[PDB]
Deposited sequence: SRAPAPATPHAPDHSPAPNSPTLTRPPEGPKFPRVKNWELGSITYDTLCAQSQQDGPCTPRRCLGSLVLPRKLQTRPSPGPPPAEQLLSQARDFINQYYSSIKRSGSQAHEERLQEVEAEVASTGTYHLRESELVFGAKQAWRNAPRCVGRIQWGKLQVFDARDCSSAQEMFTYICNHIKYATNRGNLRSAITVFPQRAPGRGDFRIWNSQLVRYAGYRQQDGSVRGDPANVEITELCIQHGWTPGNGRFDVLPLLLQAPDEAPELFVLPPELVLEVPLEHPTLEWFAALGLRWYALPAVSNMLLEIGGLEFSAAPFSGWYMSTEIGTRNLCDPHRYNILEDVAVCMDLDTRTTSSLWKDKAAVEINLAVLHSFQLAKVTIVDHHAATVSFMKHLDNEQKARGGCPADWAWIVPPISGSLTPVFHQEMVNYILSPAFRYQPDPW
């Protein structure tokens, strides 16, 4: 029938067709012979120009002024800037529309119903590492908002031909130290071993606990990274307790409130923003399931299971399933007590379904990656598990970029 992908919700028996995917200009890793859908990492003037033109059209289209003479003048202006410099600049409003669109387009983000509510800080005037720190602090302050979390993004100056990038070396703005121990093991977050060591190499005196908030290594073009300690009263944290299990608080576990991804590259109409930290609010499973329970992270399942006096000798006692659920409950209860925005995976996925319906009307489709959308506990208990999804790459986009060291 309709010459477009047919997508079905198996739980409601409803069907849709994706026409959005025709607007895709960049290929992913699948072919007709094999799907590489599960791999984490995918893989001059002419090229830039056509990306810019395309972006400008999305912009003018979004303000229902497509085919306008303001529209036309703008296209000319951009293509003049490039023929003489090899690049162009985005006006304020265009940058705001581009960063919202790059979020909206992110296939692995379950939080997109919020896409329209993003507070965009233009730091394209920033010119030093000390100044990057001020912008980042102001970002944390506004985003945190004493627990009532607000989505934000700070956009530092774009990449320029033959000139080093603005970079944030840290993968998030708040990260716990991971200290590799004499005896082979790790204290704190095993995921941050590399970055912790970088900080020490750069003259940070490390602490010694499981939840030591790392300083920031920030880099201005062609200069060495400089080191900044976030003032702890800016870094809001939540000590973890359980609603009925009294001993849980005695575990001494905590998590920070603000999820601020700082390593991704932001692409708008062919322009490339190497430094553009963004934050929203956590889904409980990210903390309660991945950060605390992954075997290669804090790995606490067994310690919790032993406090719950479960039989850890056999898989079939479902000790891992029971301990995980209770860890996730703790996380939710602890944020709600502390009055810090957080969302549970049932609510999140429910809102994602509603987002899917909005986007069908608005654009004809929604690029979505099933394996990242579906939560890491209770998958089939969430409506997104039963929903077929089409994955494809739209621009503007967040991308992974190489570590700058």
Sequence ranges without modelled C-alpha atoms (deposited numbering): 1-28, 72-82
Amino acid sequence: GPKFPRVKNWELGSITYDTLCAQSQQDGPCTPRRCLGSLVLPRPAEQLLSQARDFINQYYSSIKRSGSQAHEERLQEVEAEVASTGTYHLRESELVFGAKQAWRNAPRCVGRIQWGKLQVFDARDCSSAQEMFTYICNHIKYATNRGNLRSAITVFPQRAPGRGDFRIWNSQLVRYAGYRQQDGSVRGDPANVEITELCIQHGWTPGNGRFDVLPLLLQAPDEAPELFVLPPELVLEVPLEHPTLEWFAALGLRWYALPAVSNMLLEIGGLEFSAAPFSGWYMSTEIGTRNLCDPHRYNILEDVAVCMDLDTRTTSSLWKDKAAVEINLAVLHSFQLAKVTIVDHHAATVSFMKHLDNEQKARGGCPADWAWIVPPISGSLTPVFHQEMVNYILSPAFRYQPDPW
From here on, numbers count along this sequence of modelled residues.
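By rigid core we mean the largest C-alpha set that fits within 1.5 Å across both forms.
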Which of 69-77 and 293-301 lies farther from this form in 9 other deposited structures of this protein, as RMS of C-alpha positions after a rigid core fit: 69-77
Farther-lying stretch by C-alpha RMS in 9 other deposited structures of this protein (rigid core fit) among 147-155, 160-168: 160-168
Between the two ranges 62-70 and 358-366, the one averaging a larger CA B factor in the entry: 62-70
Selected stretch [higher average CA B-factor]: 21-29 or 378-386: 21-29
Of the residues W103, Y256, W281, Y179, the one carrying the largest Cα B-factor as recorded: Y179
Top Cα B factor in the deposited entry, candidates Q114, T285, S262, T205: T205
Record-listed C-alpha B factor of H345: chain third: lowest
Cα B factor band for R108 (lowest, middle or highest third within the chain): lowest
Within-chain third of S351 by Cα B-factor, per the entry: lowest
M132 - which third its CA temperature factor falls in, relative to the rest of the chain: highest
Chain-wide C-alpha B factor ranking for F211, given as lowest, middle or highest third: middle
